[PDB]
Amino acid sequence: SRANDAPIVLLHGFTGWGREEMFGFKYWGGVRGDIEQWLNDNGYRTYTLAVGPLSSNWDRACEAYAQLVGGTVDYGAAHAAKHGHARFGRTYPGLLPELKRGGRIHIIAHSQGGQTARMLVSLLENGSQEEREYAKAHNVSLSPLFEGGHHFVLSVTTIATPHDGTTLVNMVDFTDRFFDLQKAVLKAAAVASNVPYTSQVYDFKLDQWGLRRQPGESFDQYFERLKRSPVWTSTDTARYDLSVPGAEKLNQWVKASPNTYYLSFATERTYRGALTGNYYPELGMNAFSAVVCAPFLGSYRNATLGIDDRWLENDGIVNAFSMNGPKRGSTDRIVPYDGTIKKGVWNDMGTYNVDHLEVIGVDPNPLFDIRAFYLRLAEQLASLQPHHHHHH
């Protein structure tokens, strides 16, 4: 039963948007309803973060921090100079100023949101040594995020997260197929990609790069520009962090805090072929993934990169092997759930038979009780002890 009053905060990956965007079609719930509202109605206070879908985990973490406590996004002077984007971004009121008073949160993160949540915890706790030294050397101001010593996060739950990257980015036409996927999610919200909507609809939040959809421009045309922009061509991107090498680099510094609980949920929607050893999309998998992504994921091997048969099972977008927690370039530990949730370690809650989009309701699946999944999750997080005691 209930051991903590920490609010829940929802977080998205390489696709996602605010509650007011997509004409109210929720990323968290999609065609099935409104997950945040379900939790609130059942007495679990729950909020939603919206950060750049295509931006690096770093950028997203800085935007999350500021969206949480209030203020103007500060990406870091060292970081901004290193990648050639703006240091300061959007300004936020702050969802939870209670955080600046000892309060804590549970983060439920989906897809690449799980990388972002991990990095947010690491910056909060440790800050950035490079940013601290840079401010010292150059006499610039320094965001509190980079100082260290914050403890906002009681737990982090990840769902279908590419902790070790996804081999989807190795597709030779990944660039086009990835934006086609963005178009498919627009399609899910009944939004056309060949129309210059004058209202914003889907804000990619690229204030650090000075990019936004222009009047007269459809998403199709907007995506053609973005493909050529630094948010697609630079290392300071979701594209890079999403790749196996990019994820591995992230894992080399983003460690599990000893003060935080970690829960991992994996997802699969495939079956194994007995003659090929490959994996193939199940019935019911979102159309786009089934045609465009899953066949590659379930068959792509690369010996020098360390991509072997274990990587083939997938949920249509991410390899299931990548989801239980960071392993490549990581010292984090991962323990299979045994009734007991342990602190400072990845508690691998196993693998669920739902695809990348079904798990948040963006694609339908009447066999998946989505309301009960999230309510069971919520009740699990509410039962977490903020301070466990050692015992026999």
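Throughout, we count residues from 1 along the sequence that is shown.
Averaged over their C-alpha atoms, the temperature factors of 1-9 and 382-390 are higher for 382-390.
Legend: mean Cα B-factor per stretch from the PDB entry, 135-143 versus 93-101; the higher mean is in 93-101.
Ranking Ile341, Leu357, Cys62, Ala50 by Cα temperature factor from the entry places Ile341 first. Across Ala117, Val318, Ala78, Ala274, the greatest Cα temperature factor reported in the deposited entry is at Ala274. In the PDB entry, a CA B factor belonging to the highest third of its chain's modelled residues is recorded for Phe23. Ranked by Cα temperature factor within the chain, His106 sits in the lowest third according to the deposited record. In the deposited entry, the Cα temperature factor of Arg328 places it in the highest third of its chain's modelled residues.
Looking at the C-alpha B-factors along this chain, the one for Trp346 belongs to the lowest third. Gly246 sits in the lowest third of its chain by CA B factor, as recorded in the PDB entry.
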